[PDB]
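Asker: Once you've had a glance at the structure underneath, I'll fire off some questions.
Don't worry about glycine lacking a Cβ; one is built from the backbone with ideal geometry, like all the others, and counts go over all protein chains shown. All of this is worked out from the model, or read from it or from the source named; no laboratory read-out is quoted.
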Amino acid sequence: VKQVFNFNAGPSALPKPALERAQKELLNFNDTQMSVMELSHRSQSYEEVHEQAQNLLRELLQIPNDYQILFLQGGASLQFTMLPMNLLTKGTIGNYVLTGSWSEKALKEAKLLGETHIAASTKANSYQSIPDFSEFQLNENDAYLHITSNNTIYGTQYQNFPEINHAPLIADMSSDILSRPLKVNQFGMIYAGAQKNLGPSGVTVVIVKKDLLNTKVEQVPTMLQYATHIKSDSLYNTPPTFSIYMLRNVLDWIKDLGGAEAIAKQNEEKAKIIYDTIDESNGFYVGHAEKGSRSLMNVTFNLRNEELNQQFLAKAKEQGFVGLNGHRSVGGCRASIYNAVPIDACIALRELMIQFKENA
Amino acid sequence: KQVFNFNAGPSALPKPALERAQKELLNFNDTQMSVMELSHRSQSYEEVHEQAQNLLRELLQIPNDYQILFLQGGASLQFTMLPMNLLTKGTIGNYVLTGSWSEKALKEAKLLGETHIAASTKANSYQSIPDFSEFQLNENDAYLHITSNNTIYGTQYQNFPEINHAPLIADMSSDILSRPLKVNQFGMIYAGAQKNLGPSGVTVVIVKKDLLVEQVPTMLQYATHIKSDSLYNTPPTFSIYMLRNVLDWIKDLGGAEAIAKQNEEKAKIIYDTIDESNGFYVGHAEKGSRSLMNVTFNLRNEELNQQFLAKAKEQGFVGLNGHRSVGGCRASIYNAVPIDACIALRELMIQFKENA
Ligand SMILES: *Cc1c(COP(=O)(O)O)cnc(C)c1O
Ligand SMILES: *Cc1c(COP(=O)(O)O)cnc(C)c1O
Ligand SMILES: [Cl-]
Ligand SMILES: [Cl-]
Ligand SMILES: [Cl-]
Ligand SMILES: [Cl-]
Ligand SMILES: [Mg+2]
Ligand SMILES: [Mg+2]
Ligand SMILES: [Mg+2]
Ligand SMILES: [Mg+2]
């Protein structure tokens, strides 16, 4: 039929082959004559999937052997409280770097549970940049330092990560995990809801340094202890089997295209198509982020006034574009260009943007 | 290529629901996207989300003063979320123990507050549901918690107690919407979807609104989810889509009374087989407490047990091994397990008995 261009911000576009693969075997997976959705998570067919998703992640991000990969329910939002519940012990501080709204939501949950600090923040200037690491106020009794690698709503992104040796570095990488190579040993823990760049909603990937968190925390509910899930290899209770399966399929696709290094090349190219369009628009489109902090995953911009914003977005929607409205809290536009968004969608958006501009 | 899916969780699903999912997996509702590729704030998703709630409301006849929540974390997270929200200081989390899942719920409550055992059949290895007249209740109970169907032991409440001093709370993971319910008997009902309602990944929580909070993490307050209609953060959108599909199938076959007729016939096939076997097969549950959802039984010794389960597997039956904690055999016959599978099981049981 007509064209559809999927710029949704979360859940988001999946790579077609992962979906075609799921569709073909939806009723009979691995010759069992059952859907993967109908299997015991103790079945060898399921365990193969569970283990393969872990091994693909390990290989793709080169995760060290002293790290474990968890598949948890509850979204990144649940990690906002689980993290301080496990690590923010009395006399210690949950130190946060604020670079957008998701950083503020993380902070808020730690505030419920312990002493918090703000290491650095760009909130005053509306989160248009990542602060300089030299501005980080660190504390000797920090339980961890928490960052948001990609600020989904504001369109900014860490170009690199701080060297932290006094506390574990923790990162919410929900909207840019496995969009590029990563030095995992810079971190104590990384977490990401899968639905932005790794597959479906319903599972959350948590990469954890085993010895930071494989120990029982007195007074913490069993399901909310990392230890529980580490010990049981994320099979303590019933996992989200179809979500993990789809995550596997998406990881296979990333591997098939050349891994993190190759997908970064693709992601830089797609992003360049949109940012050049903005930058050659003589101010008709204005990007929110400062240039040194531009996200490769979420491109945020405004037209010169709200009327033009609305006309632009209405025209896009009429032309088949999905998900371009900015987050409700900030307005404007947001082109989400995660791994699986195809480059011809980006080209299409550029065409839209140039004709709207020329015809305005 | 014969396969009979007696898996205990996750479990068989209705073929029409899976076929419908397959057909539109790449192009949901003419959007040219998978349901999996939609924003949860899209109208496209929001209609599915609401349709799943509406079908449960219709099928269980849930009154307006109850809200239906779709949460992540399984029934296991509910074990702690419930006392986290309702087990206030100076109140008691009161539990009726009718199996190991009862035990797991009570354990989580003991972390957070005072607990109590209203009644228990543990001493007799959970062969039955206790008589309601035996319950020991307290003025300051925060709730009374029961497990409606004891998945590992094969027993099930025939009816529910009339409790007015405190909300009645029920873990209905393995029998929700397998029969009509009087939802007004309860302050809260919860169930992982993965036995009777859908695939794993979503938990259905039916809660008396006015029933349910300083210092509880945002994600762990029922009020968060009630207030946001289970759209506070990203829900498990494909699992809720599949839940909708399963609910459409239940509606299409005639609803909760119709599925109960099917389920009672399925259980009748297996229990009759056991009762007519002259002690060759022995059911664990007392007759009066027999589950319609999980049929537990053993052969006369461990070696016959093992020979049977081996023969079953060779013949295409999946999931019949009993829980590791109790051994024996367990035939899980949740909603989507077809009558033909139970007939096949019967015929295998009879042939095995003849050939021993
Ligand atoms: C989407 C988002 C979240 C929220 O994840 P849920 O799975 O919806 O809890 C948290 N952090 C970031 C950076 C996000 O982009
Ligand atoms: C399966 C089951 C559970 C566990 O559910 P999860 O989703 O695995 O947490 C809890 N209670 C009962 C009665 C069950 O049958
Ligand atoms: Cl943000
Ligand atoms: Cl977002
Ligand atoms: Cl049980
Ligand atoms: Cl069980
Ligand atoms: Mg490959
Ligand atoms: Mg194309
Ligand atoms: Mg219908
Ligand atoms: Mg008879």
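Asker: Quick one: in segment A:64-77, of everything that is closer than 16 Å to A:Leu198 by Cα and more than 16 Å from ligand 3 (Cβ to nearest atom), which residue is surrounded by the most Cβ atoms within 10 Å (Cβ to Cβ)?
Answerer: It comes out as A:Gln73.
Asker: Further question on the same structure: If a residue must be within 24 Å of B:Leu320 (Cβ to Cβ) and within 12 Å of ligand 2 (Cβ to nearest atom), how many such residues does segment B:167-177 contain? Outline the logic, then answer.
Answerer: To start, the set of residues in segment B:167-177 that are within 24 Å of B:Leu320 (Cβ to Cβ) comprises B:171-177.
Retained after the next criterion (residues that are within 12 Å of ligand 2 (Cβ to nearest atom)): B:171-176.
Summing the residues that are within 24 Å of B:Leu320 (Cβ to Cβ) and within 12 Å of ligand 2 (Cβ to nearest atom) in segment B:167-177 gives 6.
Asker: Are there any pairs with C-beta distances below 9 angstrom linking a residue in segment A:133-145 that is assigned to a strand (DSSP E or B) to a residue that is hydroxyl-bearing (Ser, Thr, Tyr), with the two at least 6 apart or on different chains, and if so which?
Answerer: A:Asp142/A:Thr92; A:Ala143/A:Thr89; A:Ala143/A:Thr92; A:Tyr144/A:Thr92; A:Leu145/A:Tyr96
Asker: Considering only segment B:1-44, state which residues are of a type in the set (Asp, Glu) and in a helix (DSSP H, G or I).
Answerer: Across segment B:1-44, the qualifying residues are B:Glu19, B:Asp30, B:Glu37.
Asker: Residues to consider are A:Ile93, A:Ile153, A:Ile164; find the one that is more than 16 Å from ligand 2 (Cβ to nearest atom) and under 22 Å from A:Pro200 (Cβ atoms).
Answerer: Working: A:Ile93 fails: under 22 Å from A:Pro200 (Cβ atoms); A:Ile164 fails: under 22 Å from A:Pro200 (Cβ atoms).
Testing whether each residue is more than 16 Å from ligand 2 (Cβ to nearest atom) and under 22 Å from A:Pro200 (Cβ atoms) leaves just A:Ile153.
Asker: Give the number of residues within segment A:244-256 that are under 17 Å from A:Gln44 (Cα atoms) and in contact with a strand residue (DSSP E or B) (Cβ under 8 Å, 6 or more places away or on another chain).
Answerer: Qualifying residue count, segment A:244-256: 1.
Asker: Evaluate segment B:63-81: report whether one residue or more is assigned to a strand (DSSP E or B) and under 30 Å from B:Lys287 (Cβ atoms).
Answerer: No, that holds for no residue.
Asker: Further question on the same structure: Taking segment B:174-193, which residues are in contact with a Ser or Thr (Cβ under 6 Å, 6 or more places away or on another chain) and among the polar types (S, T, N, Q)? Steps first, please.
Answerer: Residues of segment B:174-193 that are in contact with a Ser or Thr (Cβ under 6 Å, 6 or more places away or on another chain), as a first pass: B:174-175, B:191-192.
If the condition is that a residue be in contact with a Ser or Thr (Cβ under 6 Å, 6 or more places away or on another chain) and among the polar types (S, T, N, Q), then B:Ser174 is the only one that fits.
Yes or no, residue by residue, for (1) more than 16 Å from ligand 10 (Cβ to nearest atom); (2) surrounded by 17 or more Cβ atoms within 10 Å (Cβ to Cβ):
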{"residue": "B:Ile259", "(1), (2)": "yes, yes"}
{"residue": "B:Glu264", "(1), (2)": "no, no"}
{"residue": "B:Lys268", "(1), (2)": "no, no"}
{"residue": "B:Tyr271", "(1), (2)": "no, yes"}
{"residue": "B:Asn278", "(1), (2)": "no, no"}
{"residue": "B:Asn294", "(1), (2)": "yes, yes"}
{"residue": "B:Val326", "(1), (2)": "yes, yes"}
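Asker: Considering only residues of segment A:338-360 that are of a type outside the set (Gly, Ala, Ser) and within 14 Å of chain B (Cβ to nearest Cβ), which is nearest to the chain's Cα centre (by Cα)?
Answerer: A:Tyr338
Asker: How about segment B:216-253: which of its residues are within 12 Å of chain A (Cβ to nearest Cβ) and in contact with a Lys or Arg (Cβ under 7 Å, 6 or more places away or on another chain)?
Answerer: Once the filter is applied, which keeps residues that are within 12 Å of chain A (Cβ to nearest Cβ) and in contact with a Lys or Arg (Cβ under 7 Å, 6 or more places away or on another chain), segment B:216-253 yields only B:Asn245.
Asker: Just checking, which of A:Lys265, A:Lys291, A:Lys231, A:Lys270 is in the same structural domain as A:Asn55 (by CATH) and either away from ligand 5 (no atom under 16 Å from the Cβ) or hydrophobic (A, V, I, L, M, F, W, C) (or both)?
Answerer: A:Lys231
Asker: Any residue at all in segment A:33-55 that's assigned by CATH to the domain that holds A:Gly75 and on the phi > 0 side of the Ramachandran plot?
Answerer: yes
Asker: Can you find, within segment A:156-183, the residue that is farthest from A:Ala143 (Cα to Cα) among those that are hydroxyl-bearing (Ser, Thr, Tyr) and part of a loop (DSSP other than H, G, I, E, B)?
Answerer: A:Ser179
Quick grid of which residues meet (1) among the aromatic types (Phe, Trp, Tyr); (2) in contact with a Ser or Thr (Cβ under 7 Å, 6 or more places away or on another chain); (3) within 16 Å of ligand 7 (Cβ to nearest atom):
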{"site": "B:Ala223", "(1), (2), (3)": "no, no, no"}
{"site": "B:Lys227", "(1), (2), (3)": "no, no, no"}
{"site": "B:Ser230", "(1), (2), (3)": "no, no, no"}
{"site": "B:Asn233", "(1), (2), (3)": "no, yes, no"}
{"site": "B:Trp249", "(1), (2), (3)": "yes, no, no"}
{"site": "B:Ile259", "(1), (2), (3)": "no, yes, no"}
{"site": "B:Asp272", "(1), (2), (3)": "no, no, no"}
{"site": "B:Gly279", "(1), (2), (3)": "no, no, no"}
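Asker: So, in segment B:92-132, exactly how many residues are in a loop (DSSP other than H, G, I, E, B) and among the polar types (S, T, N, Q)?
Answerer: Total meeting the criteria: 5.
Asker: From A:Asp132, A:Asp172, A:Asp142, grab the single residue that is within 14 Å of chain B (Cβ to nearest Cβ) and either away from ligand 10 (no atom under 16 Å from the Cβ) or in contact with a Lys or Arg (Cβ under 7 Å, 6 or more places away or on another chain) (or both).
Answerer: Criteria check complete, one pass: A:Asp172.
Asker: State which residue is nearest to ligand 4 (Cβ to nearest atom) when the search covers only segment A:305-360 and only residues that are assigned to a loop (DSSP other than H, G, I, E, B) and in contact with a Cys (Cβ under 7 Å, 6 or more places away or on another chain).
Answerer: A:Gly326
Asker: Right, another one. So which residues in segment A:175-204 are within 13 Å of A:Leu296 (Cα to Cα) and more than 14 Å from chain B (Cβ to nearest Cβ)?
Answerer: A:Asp176, A:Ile177, A:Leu178, A:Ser179, A:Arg180
Asker: Next question. Would you confirm, using the coordinates I've provided, whether A:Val330 is within 24 Å of A:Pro131 (Cα to Cα), more than 16 Å from ligand 7 (Cβ to nearest atom) and aliphatic (A, V, I, L, M)?
Answerer: Taking the combined requirement at face value, the residue satisfies it.
Asker: Among the residues of segment B:42-51, is there at least one that is surrounded by fewer than 24 Cβ atoms within 10 Å (Cβ to Cβ) and facing chain A (nearest Cβ under 8 Å)?
Answerer: Within segment B:42-51, one or more residues are surrounded by fewer than 24 Cβ atoms within 10 Å (Cβ to Cβ) and facing chain A (nearest Cβ under 8 Å).
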